[PDB]
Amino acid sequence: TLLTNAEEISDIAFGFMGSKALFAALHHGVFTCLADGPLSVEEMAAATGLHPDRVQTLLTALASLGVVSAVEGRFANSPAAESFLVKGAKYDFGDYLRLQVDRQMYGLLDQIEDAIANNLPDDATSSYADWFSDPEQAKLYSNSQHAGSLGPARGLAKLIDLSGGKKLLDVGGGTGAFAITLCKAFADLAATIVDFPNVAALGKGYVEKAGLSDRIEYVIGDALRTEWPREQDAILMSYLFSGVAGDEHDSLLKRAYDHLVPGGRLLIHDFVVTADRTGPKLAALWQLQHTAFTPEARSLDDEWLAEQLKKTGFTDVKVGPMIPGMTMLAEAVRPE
């Protein structure tokens, strides 16, 4: 589509108000209160401890987005709410949305006006490093990121095979959602994770909980300045490229190729747009979101990625969907 109407501009301009309506409602557990059938405003005010008038304002907003129904002054969850926003639901990501997206991503995006001009102010967050140097920000971010990545990680295990005596290197593997999931799926797999000190310290705990402390080690520090383990059987880079400066992209590929045994696989998972630069929409929006605290980010597109991987010397290069409408999986092999 190509917009023609002022209304269509308005819808875009005012989307942030929609997001915050959804987000506020999650913070006060609105959808969970409705899980047992429709409630009135005052029935809602009671269950949530909100004032009847604020709840009315919030629910009216939600209804006008179709997030809930409003029938005879009674509110009820939409099918989407039932599945995605109720604590416990099959596809729940309410906590992901209100913790990381709302409390962190929303505010940070107030920086893009300066970030896209490569003119951040001194007091702004200018990188993951700077950002995660606050241990409360590292946690707020990582807890939701970990829960959110389990699904995709389980999706990933189904695609690739890492059985046998194999070593995995996860550059920027956060708190181990991928490495842990992979290690639970493949018996003889040993993993190494590289990340920032505050992220690694939380990671250690997830790895203990899972009883994998004997199979998953952390190598702490900035991945660009720290040494990686050599002769790995596979290397994973999930949401790394998006949060790193454009000038670093080739060297990461070259380093990766070099730390891989012959026959080894490079796996890159990230927000990637199609080369026609038309979408997917969420990949592009997330790319812009990372630019806000990564002002030297370059947009990844699928054919650049394929090309650079071949330029780097990899083979059997493929790029395709991972999370539908949002991320792609690129896959490459060091010759054997």
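Note that residue numbering follows the sequence shown and begins at 1.
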Tell me which stretch, 219-227 or 159-167, has the higher mean Cα B-factor listed in the entry.
159-167
For the higher mean C-alpha B factor in the entry, choose 144-152 or 71-79.
71-79
For the C-alpha B-factor as written in the entry, point me to the maximum among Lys310, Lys281, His269, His290.
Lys310
Per the entry, which of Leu39, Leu285, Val273, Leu62 tops the list for Cα B factor?
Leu39
Chain-relative CA temperature factor third for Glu248
middle
Comparing against every modelled residue in the chain, figure out the third that the C-alpha B-factor of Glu303 lands in (lowest, middle or highest).
middle
What third of the chain does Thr48 rank in for C-alpha temperature factor, lowest, middle or highest?
highest
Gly325: CA temperature factor from the record, placed by chain third, in the middle
Place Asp195 in the lowest, middle or highest third of its chain's C-alpha B-factors, as listed in the PDB entry.
lowest
